[PDB]
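Colleague: Take a look at the following structure, please.
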RNA sequence: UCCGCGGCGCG
DNA sequence: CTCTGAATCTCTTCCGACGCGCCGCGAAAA
Ligand SMILES: [Mg+2]
Ligand SMILES: [Zn+2]
Ligand SMILES: [Zn+2]
């Protein structure tokens, strides 16, 4: 029907407004109080919009369908449906034009920049505070020149009436009708050509692009100022009949009434030639009313109703969280839905949920109608509803029949990630609560404290099949965030399993040997033996061969009875060893994942359900309970407390002696209290975990304590050692609300009685945590919304692009600790190239091979240390990413399918854990390994030691197998006692330098001669307290003489004869340069050796906010300056606080110049030759420079490292693919440096894909592409700057986006998910994708 | 009764192709009255369509063959009917 | 409580909100994102035009369910047209190209 | 009789 | 010494989870 291909948006001339109009409103009246009827020519004028009763004229001349389209004669009401009252729009014709508020207040003001006039003047003239000259000839007054009233008098008396100067709206309209697009365009182009100041160039170019867009759109600037105002159809602004004959009205009625009043007042004033003062005042009032109607609150004191509340303008109706978009487009309320409190279900099968009878009946009422009529038990809908409403038995029978196989959707608010809504087969259950399977409830992040869940129903069989295929719970075992299982036992299930997997030294029937698990169950059920007996059992097992068959075997193994009984339900195929240990929660998860990988879905789900049942049964049987005596208090607690009290008393006494400072005393008191807390905690743990049992031989022996509290704590189900410390030990130090730690810790535990003071201390931390999470939820939700908005477009489109570019992945190691092994990182990725066997030319793994588990084992066996993999950051494709470039799905355990929308998955996965994210010299080798150095340049002193001459060297420890396990940064000038390739043992210090002292090295031996060294002007002589030696301190530019600033201090190396020693490898003399405040202890002529230093120069991030800023890429406070181009360094004149520094390329003829804040600590020296992107100044680094200098891959790696580190610190697991996807989304904008043969314009920020395609086709034609750089933009900016303007308007700042699109006149092509959602047609993702493929055929066919 | 579609997933090769093919077949089932190729077991149209799609020798190309045969035979029937009308006129 | 079919808001023709009004549940944009995470296209389309807005669509769906055919007949949401008219009231011409 | 606002509570 | 251009300050502009129950209020005109 409508099947509209696109949407067009542009400014509307008054002509088309009149075309839309079906008359004009002329009276500020709505309905008669006496008779609730629409007025004659008011806001509900029937003869303008339509009748109130369907096909019924107001005068009653016609009341039947036969009069369809008949227009009344008596009162002029056409006979049609009442619904038309939503379509025809009114209009009002104003005596004098007035501007449109957005085109003025929305910065930047389009009107002002179009006119090249500042906004202040525009406002002043608009509200009639000054005059502006439309036309001036021989008058010595310029166009656009503003004159005030007395200036107006002077001009008129000095020039008669030759000039024309007027008030705001009309004159603005005139001059808009008095401008030449192309002439001003070419003039501005010439100005841009001749300009010198960059800022003026930017102003000129923004004006140029605005006027160019206006020209291309064809809209007239005269339309920019309103004269005829459309009137919203009355039905959208109803009049609710309130009780007692009153009414409830929208603010829109008030705004329109005020506007009507002002307009009619203005016209009645105008027609009789009133004095100019009052007419101008009333015109100003009319303009104010128009502004209030459009956007109240956009200027000054907003007009308000009696409630002293702002009136909802149209902008308010569109903007805002409660605005039209978020309230009615993306948040529609739907029918065939219900909600209820949830309750546990311990017997439901995993793929089904319990459903209350009454709610199910209400929901499926239409289906009952349909089938009942189909079975003919009633003749009509009326009889059907009468029969169902009294709940006959046949009603219930039909309800049972209808729902036998009919999935329903269960959802819980908020919907953090894709598991927040899942499908379930319903089973009808008497009651009023929804029963759920425990595993799904745990996966839901839902607790039964009274949380409510909503339920929906898919009507169409297509939707039902879709729900069965994907939304069914069974098919969602692996979290899309990361391939780990999400359906995991928790609480009592884990408790029971851990109880059943333990073992005691001496138990009933211990030492017997059984046949099989059958006998184990029989023996236990008879009670003849405990679950904990250590017994021999003949167990059989199967194993998958190379052929996929289950080879059998059996043997007698020593295990526990519980282990055998548990193995009874283990699916056939898994190795027995997985169950021959104490099973923790993580152990259970790993075993379940192993089962899922080895076998199919059905064995895995059956295993999960049977585990649930068995664990519940034996947890109930065990009957673990909490007693008072369980919180055992170590006796030594009193001794530890006494020791701490004695030591703190001694500290206080010594502080009263003044021998220690208040801060030092505070610090040491903190430290000693912490040590005491650690001691008491370890005492508690040692007392708890271990228990002495009499063995079979009547002898005591230690074993794991069966204490219930410790049993819970170790099992990991709702227990952590910190809680146990607070339970049976000193809960320790607290934090003041400022974050400072109180000196006196809270000594007592919870079992011990708490002093009121201690409780009043702890409540500070408690309330701080509560408020923190209260704010954190909102902040995380906002960030997730932003990410979803940004990453909506990216959808898998092609299987393989064919690219060869990849990215390098290595395990992450800092401080000698492998934070993440390479195996987890690269599992499920796609190889960039064929990978060779390390050390050999044999290709270990071929290219474009999915790295499944076997490949992971193969590579880790071969001691692979670094790999290259295809990435989504470099998939050369348009409007999508190659499937091979994305790798294996994290959910379905295989390569992704064409049609999946990655971006939403990535955004949800990254945003969900935010609720847990918080928001408030000498190096000893850790291992026996081989020392290695990178980019290492070094010198050997006369002592034979190794000082370093490179500034960015890394020191690593590589194992004998070719793998690295340590990583450290080597400061320039540090001392190393071990060279590269040398084997060292653990604990060996091999790093030597002073962080506080900055040394400057000397290359070879000789004598140091000072040049430009003059006392007072450059240096000073002093007697140091440390050595008592005559020392020369280089004076800083501010401290030194102004004339001595030009005297740059320098040190040259001469031989024994005084001839300058030239640096090896160069002819230039060895010329070093001491900066300001540098200190040289030696004197002019003292002898030095190789590697001698004579300069002794003197030397947080919250979880969620840091992540947000990194995604937003806000500029770091101190940007670390980087090298634009490689080459030698050189210095020039000094500015006030700044210095001129020039990098001269080794071969490049263009030495780049830069200004450096001198008070910032520079690192490079003049004689240094550095590479592009080198860290000139140490400190925080902005991503933008990283991109512009090093490239995309460095940015990707840095961002991934930062985000992964933050989440690792908090303790959450996120796969890198999502971060890569986000980054790939952030880089869709490219600036055109040179167009080449392309049609684009220089300096234009365009889609990278667009320029990619253009250059591709140009080279296909043999033409010249366009030179371009890529830009990293903040998520908000990169989002609102997209092309599908509708999506951006839905996101935020609707005014700016709408105004820009209108003045540009864009044309969207419905390629965005949100776009199709708002339109309400099939999305180009998932199942619909193939349909749109057919669409791509049809549009090609047509 | 069905609990998982993994068998059908590997049978066809994709979730979405499965959805589309099964939906079209079940559409033919519900309004076309075409008897299923699999025993019913009182299951709904959705379940029986799923059973047919899993190794019941049904795919997109198979149903394309089916519909091609159907359109050919109904066009032949219409041609025969028009011929019979012409003969009656003659 | 549950709702099968009831009244609607006059302005937007969508089911009311609230148990006391016998209204229906909210389907937030979070849910839209969750569905989009899966290949949930048909379900989303069914919910967002047939169960909420399209009066002709919802009536036709109701009748089809009565006669036993579970076939969707999607149509243009009315709220979208409401937004169109509202924008037109701002003097900004918005049209649908290639109808 | 369909609306909005203010407060309260649940997650 | 005087002007021009870039930096710095001042002013303006946005935007701060999501469901869901309750309660009691809104408007008068001649
Ligand atoms: Mg709860
Ligand atoms: Zn009439
Ligand atoms: Zn690719």
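Here chain A follows Swiss-Prot for its numbers: 14-933, 948-1126, 1134-1376, in order, are the residues you see.
This entry, so its header tells us, was determined using electron microscopy, 3.9 Å.
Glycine is treated like the rest: Cβ placed from N, Cα and C.
Among the features that Swiss-Prot reports, Zn(2+) 1 binding site is placed at A:70, A:72, A:85, A:88, with the record citing experimental evidence. The Mg(2+) binding site annotation in Swiss-Prot covers A:460, A:462, A:464 and is backed by experimental evidence. According to Swiss-Prot, the Zn(2+) 2 binding site annotation covers A:814, A:888, A:895, A:898. Sequence annotations record features per position, and here Swiss-Prot assigns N6-acetyllysine to A:983 based on experimental evidence.
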Colleague: Would you mind listing, in sequence order, the residues at least six apart from residue A:464 (Mg(2+) binding site) in the same chain with a Cβ closer than 8 Å to its Cβ?
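Modeller: When sequence neighbours closer than 6 are ignored, residue A:464 (Mg(2+) binding site) has A:354, A:355, A:425 within Cβ distance under 8 Å.
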Colleague: For A:85, A:895, listed as binding-site residues, tell me which one has the smallest number of other Cβ atoms within 10 Å.
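Modeller: Output over binding-site residues A:85, A:895: least Cβ neighbours within 10 Å is A:85.
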Colleague: According to DSSP, does residue A:895 (Zn(2+) 2 binding site) fall in a helix, a strand, or coil?
Modeller: strand
Colleague: Taking every protein chain in this structure into account, which of the binding-site residues A:70, A:72, A:88, A:814 has the most other Cβ atoms within 10 Å of its Cβ?
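Modeller: For the binding-site residues A:70, A:72, A:88, A:814, the Cβ with the most other Cβ atoms within 10 Å is A:70.
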Colleague: Please report the DSSP secondary structure of residue A:983 (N6-acetyllysine), reduced to three states.
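Modeller: Where residue A:983 (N6-acetyllysine) sits, the three-state DSSP reduction gives strand.
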Colleague: Quick one: of the binding-site residues A:85, A:460, A:464, flag those whose CB is under 6 Å from ligand 1, and say none if nothing qualifies.
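Modeller: Those binding-site residues that pass the cut-off, since their Cβ is under 6 Å from ligand 1, are A:460, A:464.
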Colleague: Applying the rule Cβ within 8 Å of the centroid of the Cβ atoms of A:460, A:462, A:464, what extra residues of the same chain belong around the Mg(2+) site?
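Modeller: After dropping the recorded site residues, what remains is A:459, A:461, A:463.
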Colleague: Around residue A:462 (Mg(2+) binding site), how many other C-beta atoms are within 10 angstroms of its C-beta?
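Modeller: Other Cβ atoms within 10 Å of residue A:462 (Mg(2+) binding site): 5.
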Colleague: Would you list, in sequence order, the residues of this chain other than A:70, A:72, A:85, A:88 that have their CB within 8 A of the centroid of the site's CB atoms, where the site is the one recorded for Zn(2+) 1?
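Modeller: Checked against the 8 Å cutoff, the neighbours are A:71, A:73, A:74, A:75, A:86, A:87, A:89, A:90.
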Colleague: With the Cβ atom as the reference point and anything under 6 Å counting, tell me which of the recorded positions (A:460, A:814, A:888, A:983) are near ligand 2.
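Modeller: None, as no Cβ falls under 6 Å.
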Colleague: Mind checking which of A:888, A:898 has the fewest other CB atoms within 10 A of its CB? They're the binding-site residues.
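Modeller: Least crowded of the binding-site residues A:888, A:898, by Cβ count within 10 Å, is A:888.
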Colleague: Using the Cβ centroid of A:814, A:888, A:895, A:898 as the reference point for the Zn(2+) 2 site, which residues of the same chain not in that list have Cβ within 8 Å?
Modeller: A:811, A:813, A:815, A:816, A:883, A:885, A:887, A:889, A:890, A:894, A:896, A:897, A:899
Colleague: Taking the Cβ of residue A:460 (Mg(2+) binding site) as the centre, count every other Cβ atom within 10 Å, in any protein chain shown.
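Modeller: Its Cβ has 10 other Cβ atoms within 10 Å.
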Colleague: Of the binding-site residues A:72, A:85, A:462, A:898, which one sits closest to residue A:983 (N6-acetyllysine) when you measure Cα to Cα?
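Modeller: Checked the binding-site residues A:72, A:85, A:462, A:898; minimum Cα distance to residue A:983 (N6-acetyllysine) goes to A:898.
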Colleague: What is the separation, in Å, between the Cα atoms of residue A:85 (Zn(2+) 1 binding site) and residue A:888 (Zn(2+) 2 binding site)?
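Modeller: If we compare the Cα positions of residue A:85 (Zn(2+) 1 binding site) and residue A:888 (Zn(2+) 2 binding site), the gap is 66 Å.
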Colleague: Those binding-site residues, A:85, A:814, A:895, A:898: which ones have a Cβ sitting under 6 Å from ligand 3?
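Modeller: Cβ < 6 Å from ligand 3, in sequence order: A:814, A:895, A:898.
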Colleague: Helix, strand or coil: which one is residue A:888 (Zn(2+) 2 binding site) in, per DSSP?
Modeller: coil
Colleague: Considering Cα atoms only, can you say which of A:70, A:460, A:462 is the nearest neighbour of residue A:888 (Zn(2+) 2 binding site) among these binding-site residues?
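Modeller: When the Cα distances are compared, A:460 comes out closest.
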Colleague: Whole-number answer please: how many Å between the C-alpha atoms of residue A:72 (Zn(2+) 1 binding site) and residue A:814 (Zn(2+) 2 binding site)?
Modeller: 70
